[PDB]
Colleague: 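First the structure, which I've put down as structure tokens, then a few questions once you've had a look.
One is the number of the first residue; the rest follow in order along the sequence. Every heavy atom of this structure was used, including side-chain atoms; hydrogens, water molecules and symmetry mates were not. When a ligand or atom number is given, it counts from 1 through the structure's own listing order.
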Amino acid sequence: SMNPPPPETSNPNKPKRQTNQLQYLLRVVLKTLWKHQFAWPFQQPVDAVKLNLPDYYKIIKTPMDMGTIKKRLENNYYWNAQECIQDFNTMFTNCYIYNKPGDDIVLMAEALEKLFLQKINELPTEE
Ligand SMILES: Cc1cnc(Nc2ccc(C(=O)NC3CCN(C)CC3)c(F)c2)nc1Nc1ccc(Cl)c(NS(=O)(=O)C(C)(C)C)c1
């Protein structure tokens, strides 16, 4: 069962900004999670064909991954920090929705989420 196109990462007509909070989301939050030993399953859209998960995009209707987030941050795609924070939370939630408690993929997401929460706890006040 086929893969959908990836989430949008480019849109010239979308209003967008670089803010100090969005800079922190790239330089601290994304960079910290990306380098982690458990990042790799989350570094690109789920290939439900290669993984033989024909139900994946039937259950997960708002897919998100760090590859997409990375491109959005590098392209300054976002208007505000909350939009990016929502993408991270969608990614984590999607993992917990699709999978079973205690599964390896869930343990991996939980480790990344713990770090995510620690970093966003120190999100700087907007300049
Ligand atoms: C972001 C994300 C969210 N959820 C799931 N879930 C999921 C859940 C399950 C199967 C699975 O391999 N199911 C069976 C295996 C036996 N077959 C005969 C039928 C399919 C599956 F590959 C992925 N993956 C994600 N990404 C992801 C990307 C690459 C890989 Cl290689 C994996 N595989 S994983 O989860 O087994 C591992 C990381 C612990 C090795 C996962």
Colleague: For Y96, which residues count as a side-chain contact (heavy atoms from CB on, under 4.5 Å) partner, sequence neighbours excluded?
Modeller: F92, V106, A109, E110, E113

Colleague: Report every pair formed by an N or O atom of ligand 1 and a protein N or O atom separated by less than 3.5 Å, giving atom names and the distance to 0.1 Å.
Modeller:
residue  : atom   : partner : partner atom : Å
ligand 1 : 4 (N)  : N99     : ND2          : 2.9
ligand 1 : 6 (N)  : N99     : OD1          : 2.9
ligand 1 : 26 (N) : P41     : O            : 3.4

Colleague: Do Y78 and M91 land in one hydrophobic cluster if side-chain heavy atoms of ILVMFWY residues count as linked below 4.5 Å?
Modeller: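 Yes, because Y78 and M91 connect within a single hydrophobic cluster, where side-chain heavy atoms sit under 4.5 Å apart.
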
Colleague: Could you pull out all residues at least two apart from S1 that satisfy side-chain contact (heavy atoms from CB on, under 4.5 Å)?
Modeller: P54, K58

Colleague: For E127, which residues count as a side-chain contact (heavy atoms from CB on, under 4.5 Å) partner, sequence neighbours excluded?
Modeller: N20

Colleague: Nearest 0.5 Å, please: how far is CG in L51 from CG in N3?
Modeller: 9.0 Å

Colleague: For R27, look at atom CZ and say whether over 12 heavy atoms of other residues, nucleotides or ligands are found less than 6.0 Å away.
Modeller: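 No, CZ of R27 has 12 or fewer neighbouring heavy atoms, counting only those of other groups under 6.0 Å.
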
